[PDB]
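Visitor: My structure is stored as coords-v8.tsv, with TSV, C-alpha atoms.
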```tsv
chain	number	residue	atom	x	y	z
E	71	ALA	CA	-39.22	-82.61	44.83
E	72	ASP	CA	-42.22	-80.49	45.83
E	73	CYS	CA	-45.08	-80.87	43.33
E	74	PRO	CA	-46.40	-83.07	40.50
E	75	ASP	CA	-43.72	-84.44	38.25
E	76	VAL	CA	-45.32	-84.25	34.81
E	77	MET	CA	-48.27	-82.14	33.55
E	78	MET	CA	-50.32	-83.55	30.68
E	79	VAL	CA	-52.07	-80.91	28.58
E	80	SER	CA	-55.11	-82.08	26.64
E	81	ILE	CA	-56.81	-79.62	24.29
E	82	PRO	CA	-60.30	-80.61	23.05
E	83	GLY	CA	-61.57	-79.87	19.56
E	84	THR	CA	-64.40	-77.64	18.43
E	85	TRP	CA	-67.65	-78.04	20.40
E	86	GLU	CA	-65.91	-80.26	22.95
E	87	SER	CA	-65.08	-77.68	25.65
E	88	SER	CA	-66.43	-74.56	27.35
E	89	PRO	CA	-64.62	-71.98	29.49
E	90	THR	CA	-66.71	-73.21	32.41
E	91	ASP	CA	-65.60	-76.86	32.41
E	92	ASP	CA	-63.43	-78.51	35.09
E	93	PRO	CA	-59.77	-78.47	33.96
E	94	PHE	CA	-59.27	-81.69	35.91
E	95	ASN	CA	-62.60	-83.35	35.28
E	96	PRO	CA	-63.94	-82.51	31.77
E	97	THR	CA	-67.63	-83.34	32.06
E	98	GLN	CA	-69.79	-81.09	29.88
E	99	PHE	CA	-68.83	-82.80	26.64
E	100	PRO	CA	-68.62	-86.50	27.53
E	101	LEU	CA	-68.24	-87.41	23.89
E	102	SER	CA	-65.16	-85.19	23.52
E	103	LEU	CA	-62.46	-87.13	21.69
E	104	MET	CA	-59.56	-86.04	23.98
E	105	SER	CA	-61.49	-87.41	26.97
E	106	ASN	CA	-60.69	-90.91	25.68
E	107	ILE	CA	-57.02	-90.16	26.34
E	108	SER	CA	-57.03	-87.78	29.31
E	109	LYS	CA	-59.57	-89.59	31.53
E	110	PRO	CA	-57.74	-92.97	31.48
E	111	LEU	CA	-54.49	-91.20	32.33
E	112	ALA	CA	-55.91	-89.39	35.35
E	113	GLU	CA	-57.22	-92.52	37.11
E	114	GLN	CA	-54.23	-94.67	36.05
E	115	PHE	CA	-51.73	-92.26	37.67
E	116	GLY	CA	-51.19	-90.68	41.06
E	117	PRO	CA	-51.34	-86.91	41.73
E	118	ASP	CA	-47.65	-86.88	42.78
E	119	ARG	CA	-46.56	-88.28	39.42
E	120	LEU	CA	-49.07	-86.86	36.94
E	121	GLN	CA	-51.48	-83.96	36.62
E	122	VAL	CA	-53.80	-84.05	33.61
E	123	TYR	CA	-55.27	-80.73	32.58
E	124	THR	CA	-57.82	-80.22	29.81
E	125	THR	CA	-58.23	-76.65	28.58
E	126	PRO	CA	-61.54	-75.05	29.44
E	127	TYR	CA	-62.12	-72.84	26.42
E	128	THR	CA	-64.98	-71.65	24.20
E	129	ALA	CA	-64.08	-74.07	21.42
E	130	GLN	CA	-66.47	-72.63	18.86
E	131	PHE	CA	-66.35	-71.89	15.14
E	132	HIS	CA	-68.86	-69.29	14.05
E	133	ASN	CA	-70.39	-69.70	10.60
E	134	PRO	CA	-71.97	-66.50	9.23
E	135	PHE	CA	-74.36	-68.42	6.95
E	136	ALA	CA	-76.30	-69.76	9.94
E	137	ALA	CA	-77.22	-67.15	12.58
E	138	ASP	CA	-74.60	-68.68	14.96
E	139	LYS	CA	-74.38	-66.79	18.19
E	140	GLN	CA	-70.97	-68.46	18.30
E	141	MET	CA	-67.53	-66.99	18.84
E	142	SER	CA	-65.48	-66.70	15.64
E	143	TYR	CA	-62.90	-69.40	14.92
E	144	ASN	CA	-60.16	-66.80	15.15
E	145	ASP	CA	-60.77	-65.63	18.68
E	146	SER	CA	-61.87	-69.01	19.88
E	147	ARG	CA	-58.51	-70.42	18.75
E	148	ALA	CA	-56.93	-67.32	20.34
E	149	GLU	CA	-58.64	-67.74	23.70
E	150	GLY	CA	-57.79	-71.47	23.80
E	151	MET	CA	-54.15	-70.59	23.36
E	152	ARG	CA	-54.11	-67.83	26.03
E	153	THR	CA	-55.83	-70.20	28.47
E	154	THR	CA	-53.38	-73.05	27.77
E	155	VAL	CA	-50.10	-71.12	27.89
E	156	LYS	CA	-51.20	-69.44	31.14
E	157	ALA	CA	-51.92	-72.90	32.56
E	158	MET	CA	-48.46	-73.96	31.36
E	159	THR	CA	-46.84	-70.73	32.67
E	160	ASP	CA	-48.27	-71.06	36.18
E	161	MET	CA	-47.43	-74.75	36.62
E	162	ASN	CA	-43.90	-73.82	35.56
E	163	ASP	CA	-43.53	-71.04	38.16
E	164	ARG	CA	-44.95	-73.24	40.92
E	165	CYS	CA	-42.95	-76.22	39.61
E	166	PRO	CA	-39.93	-75.26	37.46
E	167	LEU	CA	-39.06	-78.96	37.79
E	168	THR	CA	-42.12	-80.35	35.97
E	169	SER	CA	-42.12	-81.94	32.50
E	170	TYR	CA	-45.00	-81.70	30.01
E	171	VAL	CA	-46.95	-83.87	27.58
E	172	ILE	CA	-49.23	-82.19	25.04
E	173	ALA	CA	-52.05	-83.57	22.89
E	174	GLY	CA	-54.90	-81.95	20.90
E	175	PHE	CA	-57.76	-82.63	18.51
E	176	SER	CA	-58.96	-80.51	15.60
E	177	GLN	CA	-59.13	-76.94	16.87
E	178	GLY	CA	-57.23	-78.07	19.93
E	179	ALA	CA	-54.68	-79.71	17.66
E	180	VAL	CA	-53.90	-76.46	15.84
E	181	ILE	CA	-53.61	-74.72	19.21
E	182	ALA	CA	-51.40	-77.50	20.58
E	183	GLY	CA	-49.30	-77.40	17.42
E	184	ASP	CA	-48.81	-73.63	17.53
E	185	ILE	CA	-47.59	-74.06	21.07
E	186	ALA	CA	-45.14	-76.82	20.07
E	187	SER	CA	-43.90	-74.51	17.31
E	188	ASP	CA	-43.06	-71.84	19.92
E	189	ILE	CA	-41.47	-74.09	22.54
E	190	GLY	CA	-39.51	-75.75	19.72
E	191	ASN	CA	-38.10	-72.40	18.64
E	192	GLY	CA	-37.26	-71.04	22.11
E	193	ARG	CA	-40.31	-68.76	22.05
E	194	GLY	CA	-41.68	-70.17	25.32
E	195	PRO	CA	-43.68	-70.51	27.51
E	196	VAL	CA	-41.41	-73.43	28.50
E	197	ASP	CA	-37.93	-74.74	27.58
E	198	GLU	CA	-37.65	-77.39	24.85
E	199	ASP	CA	-36.14	-80.17	27.00
E	200	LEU	CA	-39.08	-80.07	29.45
E	201	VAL	CA	-41.51	-81.35	26.79
E	202	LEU	CA	-41.66	-85.15	26.56
E	203	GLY	CA	-43.58	-85.37	23.26
E	204	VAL	CA	-46.55	-83.91	21.42
E	205	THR	CA	-49.36	-85.58	19.48
E	206	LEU	CA	-51.75	-83.68	17.21
E	207	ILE	CA	-54.93	-85.26	15.83
E	208	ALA	CA	-56.63	-83.75	12.74
E	209	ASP	CA	-54.38	-80.69	12.67
E	210	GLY	CA	-55.65	-78.12	10.13
E	211	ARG	CA	-52.05	-76.92	9.85
E	212	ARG	CA	-50.39	-80.29	9.08
E	213	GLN	CA	-47.54	-80.21	6.58
E	214	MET	CA	-45.81	-83.29	5.25
E	215	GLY	CA	-42.18	-83.38	6.40
E	216	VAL	CA	-42.63	-81.26	9.54
E	217	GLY	CA	-43.30	-83.37	12.66
E	218	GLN	CA	-43.45	-87.18	12.80
E	219	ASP	CA	-45.82	-88.92	10.41
E	220	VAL	CA	-47.53	-91.56	12.54
E	221	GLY	CA	-49.61	-94.36	11.07
E	222	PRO	CA	-51.49	-94.81	7.77
E	223	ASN	CA	-51.66	-91.03	7.28
E	224	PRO	CA	-52.55	-89.65	3.88
E	225	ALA	CA	-49.88	-87.51	2.24
E	226	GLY	CA	-51.23	-83.96	2.04
E	227	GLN	CA	-51.65	-80.91	4.21
E	228	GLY	CA	-54.13	-79.12	6.42
E	229	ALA	CA	-56.91	-76.91	5.12
E	230	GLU	CA	-55.07	-73.99	6.74
E	231	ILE	CA	-52.14	-74.72	4.45
E	232	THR	CA	-53.98	-75.21	1.16
E	233	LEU	CA	-56.38	-72.32	1.85
E	234	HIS	CA	-53.73	-69.90	3.10
E	235	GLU	CA	-54.19	-67.51	0.09
E	236	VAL	CA	-58.03	-67.40	0.29
E	237	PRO	CA	-58.91	-63.93	1.73
E	238	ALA	CA	-62.69	-63.96	2.35
E	239	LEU	CA	-62.21	-66.68	5.00
E	240	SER	CA	-60.07	-64.39	7.08
E	241	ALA	CA	-62.49	-61.43	6.76
E	242	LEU	CA	-65.26	-63.85	7.64
E	243	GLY	CA	-63.65	-64.66	11.01
E	244	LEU	CA	-61.58	-67.76	10.29
E	245	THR	CA	-58.14	-67.06	8.89
E	246	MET	CA	-56.27	-69.97	7.33
E	247	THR	CA	-52.93	-69.28	8.99
E	248	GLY	CA	-50.61	-71.23	6.65
E	249	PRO	CA	-47.33	-72.97	7.59
E	250	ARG	CA	-45.94	-72.80	11.13
E	251	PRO	CA	-42.87	-70.51	11.28
E	252	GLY	CA	-39.72	-72.51	12.05
E	253	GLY	CA	-41.81	-75.70	12.17
E	254	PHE	CA	-41.83	-77.61	15.45
E	255	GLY	CA	-38.17	-76.64	15.93
E	256	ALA	CA	-36.24	-78.79	18.39
E	257	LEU	CA	-39.52	-80.63	19.11
E	258	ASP	CA	-39.71	-81.94	15.53
E	259	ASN	CA	-38.57	-85.43	16.52
E	260	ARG	CA	-41.11	-85.72	19.37
E	261	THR	CA	-44.16	-84.09	17.72
E	262	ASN	CA	-46.50	-86.68	16.19
E	263	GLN	CA	-49.12	-86.20	13.53
E	264	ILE	CA	-52.23	-88.35	13.09
E	265	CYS	CA	-54.68	-87.78	10.26
E	266	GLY	CA	-57.51	-89.90	8.87
E	267	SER	CA	-57.71	-90.94	5.25
E	268	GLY	CA	-60.57	-88.72	4.04
E	269	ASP	CA	-60.44	-86.00	6.68
E	270	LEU	CA	-60.58	-82.71	4.78
E	271	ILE	CA	-59.25	-80.73	7.74
E	272	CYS	CA	-55.76	-82.30	7.78
E	273	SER	CA	-55.72	-83.83	4.32
E	274	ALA	CA	-56.95	-81.04	2.04
E	275	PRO	CA	-56.70	-81.32	-1.76
E	276	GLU	CA	-57.08	-78.17	-3.91
E	277	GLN	CA	-60.07	-79.81	-5.67
E	278	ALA	CA	-61.98	-80.23	-2.43
E	279	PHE	CA	-62.81	-76.55	-1.87
E	280	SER	CA	-64.40	-73.73	-3.84
E	281	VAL	CA	-65.08	-70.02	-3.35
E	282	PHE	CA	-68.21	-70.48	-5.42
E	283	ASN	CA	-69.23	-72.81	-2.63
E	284	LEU	CA	-68.55	-71.08	0.64
E	285	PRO	CA	-71.32	-72.36	2.88
E	286	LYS	CA	-70.23	-75.97	2.20
E	287	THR	CA	-66.66	-74.83	2.73
E	288	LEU	CA	-67.33	-73.47	6.21
E	289	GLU	CA	-69.39	-76.51	7.19
E	290	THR	CA	-66.52	-78.74	6.13
E	291	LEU	CA	-64.00	-76.51	7.90
E	292	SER	CA	-65.94	-76.26	11.16
E	293	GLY	CA	-66.40	-80.05	11.49
E	298	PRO	CA	-67.93	-89.31	9.55
E	299	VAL	CA	-64.09	-89.59	9.57
E	300	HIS	CA	-63.83	-86.41	11.69
E	301	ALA	CA	-66.43	-87.91	14.03
E	302	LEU	CA	-64.72	-91.36	14.25
E	303	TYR	CA	-61.07	-91.31	15.35
E	304	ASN	CA	-62.07	-93.81	18.05
E	305	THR	CA	-62.67	-96.61	15.58
E	306	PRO	CA	-60.08	-98.53	13.53
E	307	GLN	CA	-62.01	-97.92	10.35
E	308	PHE	CA	-59.80	-95.31	8.68
E	309	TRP	CA	-56.67	-94.95	10.80
E	310	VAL	CA	-55.10	-97.79	12.79
E	311	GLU	CA	-51.46	-98.29	13.79
E	312	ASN	CA	-50.45	-101.85	14.74
E	313	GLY	CA	-53.74	-103.03	16.34
E	314	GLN	CA	-55.11	-99.94	18.06
E	315	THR	CA	-57.03	-96.81	17.08
E	316	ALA	CA	-55.89	-93.17	17.00
E	317	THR	CA	-57.19	-92.87	20.56
E	318	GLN	CA	-55.75	-96.14	21.81
E	319	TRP	CA	-52.41	-95.35	20.15
E	320	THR	CA	-52.06	-91.87	21.56
E	321	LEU	CA	-53.03	-93.15	25.02
E	322	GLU	CA	-50.40	-95.90	24.90
E	323	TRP	CA	-47.88	-93.33	23.66
E	324	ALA	CA	-48.51	-91.01	26.62
E	325	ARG	CA	-49.03	-93.68	29.31
E	326	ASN	CA	-45.56	-94.85	28.35
E	327	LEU	CA	-44.01	-91.36	28.14
E	328	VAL	CA	-45.22	-90.51	31.66
E	329	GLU	CA	-43.55	-93.65	33.06
E	330	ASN	CA	-40.19	-92.66	31.62
E	331	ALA	CA	-40.33	-89.03	32.77
E	332	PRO	CA	-37.67	-87.88	35.25
E	333	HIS	CA	-38.34	-87.78	39.03
E	334	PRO	CA	-37.47	-84.44	40.68
```
Would you mind writing the file out in structure tokens?
Guide:
Amino acid sequence: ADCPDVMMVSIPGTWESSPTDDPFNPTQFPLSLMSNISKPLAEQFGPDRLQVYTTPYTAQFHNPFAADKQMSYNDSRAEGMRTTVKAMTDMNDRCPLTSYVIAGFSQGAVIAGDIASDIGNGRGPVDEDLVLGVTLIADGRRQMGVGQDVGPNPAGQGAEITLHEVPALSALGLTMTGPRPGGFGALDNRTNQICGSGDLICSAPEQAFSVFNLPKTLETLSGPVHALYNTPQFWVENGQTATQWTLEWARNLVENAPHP
């Protein structure tokens, strides 16, 4: 009764956004994984019903071993969150009526997840009941048990869980932030986790990483499997890919949203 019913937040992964990109027409990184979900939604739904917003953020992951003129993973992640919650805050003040759908990939997935954690625990920026569902792809913070385990996921946890102790990483600009406090809270039943068999970001074994081997650790952390969530080669649920599934999921959620 005034403005767009439901806002869909899409957060791209590392090297798949810039602060300069169109929030409503992501264009700079055509290959961006989250575009395969957000674009189809935008054209399939009217402006009255659905607004799809993809976060324009730096989406970088500096590696000190190359001379990256990149932003550190820490701030980048930090910026991406500021940008997204402000987008969420504003749409809420303009439209206190509006419901939300949130989805993210790699870096975007840890940002999206951190947000779900907060909303789920009454920490804002929005009330729990206004979020329809969340889906995180290749979340470096994944823990088994917390959030819904969708598909042929490997049992395991994100690199930010298994490398939580490791101190150098933090000093080096990319802190492994460990488990999310209070989990996804009241959102735990609606927050979905997708992770590819062999993806070291969201399925990290102790044996995979070494301190004696830090360049290769940062490469791995910064970003085939990772490349290919839009094929049914490693993860497929009931006939579709991680992209096709999470589209279907949202397309359907938007239909069922309430009409103010």
Visitor: Would you mind listing, for every residue of range 146-216 of chain E within 9 Å of range 239-250 of chain E, the two atoms forming the shortest contact and the distance between them in Å to one decimal, using all atoms listed in the file, sorted by chain and ascending residue number, as JSON lines?
Guide:
```
{"residue": "E:183", "atom": "CA", "partner": "E:250", "partner_atom": "CA", "distance": 8.5}
{"residue": "E:184", "atom": "CA", "partner": "E:250", "partner_atom": "CA", "distance": 7.1}
{"residue": "E:187", "atom": "CA", "partner": "E:250", "partner_atom": "CA", "distance": 6.7}
{"residue": "E:210", "atom": "CA", "partner": "E:246", "partner_atom": "CA", "distance": 8.6}
{"residue": "E:211", "atom": "CA", "partner": "E:249", "partner_atom": "CA", "distance": 6.6}
{"residue": "E:212", "atom": "CA", "partner": "E:249", "partner_atom": "CA", "distance": 8.1}
{"residue": "E:213", "atom": "CA", "partner": "E:249", "partner_atom": "CA", "distance": 7.3}
```
Visitor: Tell me, in Å to one decimal, how far CA of residue 111 in chain E is from CA of residue 82 in chain E.
Guide: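 Rounded to one decimal, the two atoms are 15.2 Å apart.
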Visitor: Kindly extract all protein, DNA and RNA residues lying within 9 Å of the coordinates (-47.3, -92.0, 31.8) given in the file, considering all atoms listed in the file, and supply them as a PyMOL selection string.
Guide: chain E and resi 76+111+114-115+119-120+321-331
Visitor: Write out as a PDB file with C-alpha atoms, in the coordinates of the input each polymer residue whose atoms come within 7 Å of range 162-174 of chain E, counting all atoms listed in the file; drop sequence neighbours fewer than 3 positions from it.
Guide:
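The result, written out as result18.pdb:
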```pdb
ATOM      1  CA  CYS E  73     -45.080 -80.870  43.330  1.00  0.00           C
ATOM      2  CA  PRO E  74     -46.400 -83.070  40.500  1.00  0.00           C
ATOM      3  CA  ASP E  75     -43.720 -84.440  38.250  1.00  0.00           C
ATOM      4  CA  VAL E  76     -45.320 -84.250  34.810  1.00  0.00           C
ATOM      5  CA  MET E  77     -48.270 -82.140  33.550  1.00  0.00           C
ATOM      6  CA  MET E  78     -50.320 -83.550  30.680  1.00  0.00           C
ATOM      7  CA  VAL E  79     -52.070 -80.910  28.580  1.00  0.00           C
ATOM      8  CA  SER E  80     -55.110 -82.080  26.640  1.00  0.00           C
ATOM      9  CA  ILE E  81     -56.810 -79.620  24.290  1.00  0.00           C
ATOM     10  CA  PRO E  82     -60.300 -80.610  23.050  1.00  0.00           C
ATOM     11  CA  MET E 104     -59.560 -86.040  23.980  1.00  0.00           C
ATOM     12  CA  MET E 158     -48.460 -73.960  31.360  1.00  0.00           C
ATOM     13  CA  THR E 159     -46.840 -70.730  32.670  1.00  0.00           C
ATOM     14  CA  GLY E 178     -57.230 -78.070  19.930  1.00  0.00           C
ATOM     15  CA  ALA E 179     -54.680 -79.710  17.660  1.00  0.00           C
ATOM     16  CA  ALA E 182     -51.400 -77.500  20.580  1.00  0.00           C
ATOM     17  CA  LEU E 200     -39.080 -80.070  29.450  1.00  0.00           C
ATOM     18  CA  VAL E 201     -41.510 -81.350  26.790  1.00  0.00           C
ATOM     19  CA  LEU E 202     -41.660 -85.150  26.560  1.00  0.00           C
ATOM     20  CA  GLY E 203     -43.580 -85.370  23.260  1.00  0.00           C
ATOM     21  CA  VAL E 204     -46.550 -83.910  21.420  1.00  0.00           C
ATOM     22  CA  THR E 205     -49.360 -85.580  19.480  1.00  0.00           C
ATOM     23  CA  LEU E 206     -51.750 -83.680  17.210  1.00  0.00           C
ATOM     24  CA  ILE E 207     -54.930 -85.260  15.830  1.00  0.00           C
ATOM     25  CA  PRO E 334     -37.470 -84.440  40.680  1.00  0.00           C
TER      26      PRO E 334
END
```
Visitor: Between E:177, E:102, E:229, E:256, which has the minimum distance to residue 193 in chain E (counting all atoms listed in the file)?
Guide: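 Answer, going by the shortest atom-to-atom distance: E:256.
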Visitor: For residue 216 in chain E, which residue out of E:233, E:192, E:251, E:109 is the nearest one, using all atoms listed in the file?
Guide: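 Comparing E:233, E:192, E:251, E:109 against residue 216 in chain E, the winner is E:251.
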Visitor: My list of candidates is E:152, E:234, E:147, E:260. Which is closest to residue 83 in chain E when distances are computed with all atoms listed in the file?
Guide: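 Closest to residue 83 in chain E of all the choices is E:147.
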Visitor: Smallest atom-to-atom distance to residue 267 in chain E: which of E:116, E:293, E:96, E:226, using all atoms listed in the file?
Guide: E:226
Visitor: Using all atoms listed in the file, which of E:88, E:95, E:106, E:292 sits nearest residue 319 in chain E?
Guide: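 Between E:88, E:95, E:106, E:292, the residue approaching residue 319 in chain E most closely is E:106.
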Visitor: Taking all atoms listed in the file into account, name the residue in E:301, E:265, E:271, E:185 that is nearest to residue 197 in chain E.
Guide: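 For residue 197 in chain E, the nearest of the candidates is E:185.
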Visitor: Find the axis-aligned box for range 305-309 of chain E, covering all its listed atoms and adding 6 Å on each side, and write its centre and edge lengths in Å to one decimal as JSON.
Guide:
```
{"center_x": -59.7, "center_y": -96.7, "center_z": 12.1, "size_x": 18.0, "size_y": 15.6, "size_z": 18.9}
```
Visitor: What does the distance between CA of residue 155 in chain E and CA of residue 232 in chain E come to in Å, to one decimal place?
Guide: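 These atoms are spaced 27.3 Å apart.
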Visitor: From the block you just saw, export range 126-154 of chain E: C-alpha atoms, as an mmCIF file, in the first residue's frame.
Guide:
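File written: result.cif
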```cif
data_model
loop_
_atom_site.group_PDB
_atom_site.id
_atom_site.type_symbol
_atom_site.label_atom_id
_atom_site.label_comp_id
_atom_site.auth_asym_id
_atom_site.auth_seq_id
_atom_site.Cartn_x
_atom_site.Cartn_y
_atom_site.Cartn_z
ATOM 1 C CA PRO E 126 27.553 -2.184 -5.303
ATOM 2 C CA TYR E 127 30.669 -2.789 -3.229
ATOM 3 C CA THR E 128 34.438 -3.097 -3.682
ATOM 4 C CA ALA E 129 34.344 -6.887 -3.426
ATOM 5 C CA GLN E 130 38.099 -7.352 -3.267
ATOM 6 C CA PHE E 131 40.486 -9.569 -1.306
ATOM 7 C CA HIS E 132 43.988 -8.178 -1.111
ATOM 8 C CA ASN E 133 46.845 -10.685 -1.110
ATOM 9 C CA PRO E 134 50.142 -9.255 0.218
ATOM 10 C CA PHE E 135 52.237 -11.775 -1.739
ATOM 11 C CA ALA E 136 51.264 -10.171 -5.052
ATOM 12 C CA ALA E 137 51.530 -6.361 -5.155
ATOM 13 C CA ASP E 138 47.681 -6.118 -5.137
ATOM 14 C CA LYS E 139 46.514 -2.560 -5.094
ATOM 15 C CA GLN E 140 43.367 -4.194 -3.735
ATOM 16 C CA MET E 141 41.338 -3.415 -0.642
ATOM 17 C CA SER E 142 41.896 -5.887 2.210
ATOM 18 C CA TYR E 143 39.337 -8.655 2.693
ATOM 19 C CA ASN E 144 38.467 -7.226 6.078
ATOM 20 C CA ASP E 145 37.372 -3.787 4.995
ATOM 21 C CA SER E 146 35.949 -4.996 1.743
ATOM 22 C CA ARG E 147 33.662 -7.336 3.696
ATOM 23 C CA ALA E 148 33.034 -4.387 6.057
ATOM 24 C CA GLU E 149 32.093 -1.946 3.304
ATOM 25 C CA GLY E 150 29.802 -4.509 1.641
ATOM 26 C CA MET E 151 27.934 -4.874 4.901
ATOM 27 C CA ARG E 152 27.594 -1.106 5.548
ATOM 28 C CA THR E 153 26.325 -0.636 1.988
ATOM 29 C CA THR E 154 23.786 -3.466 2.281
#
```
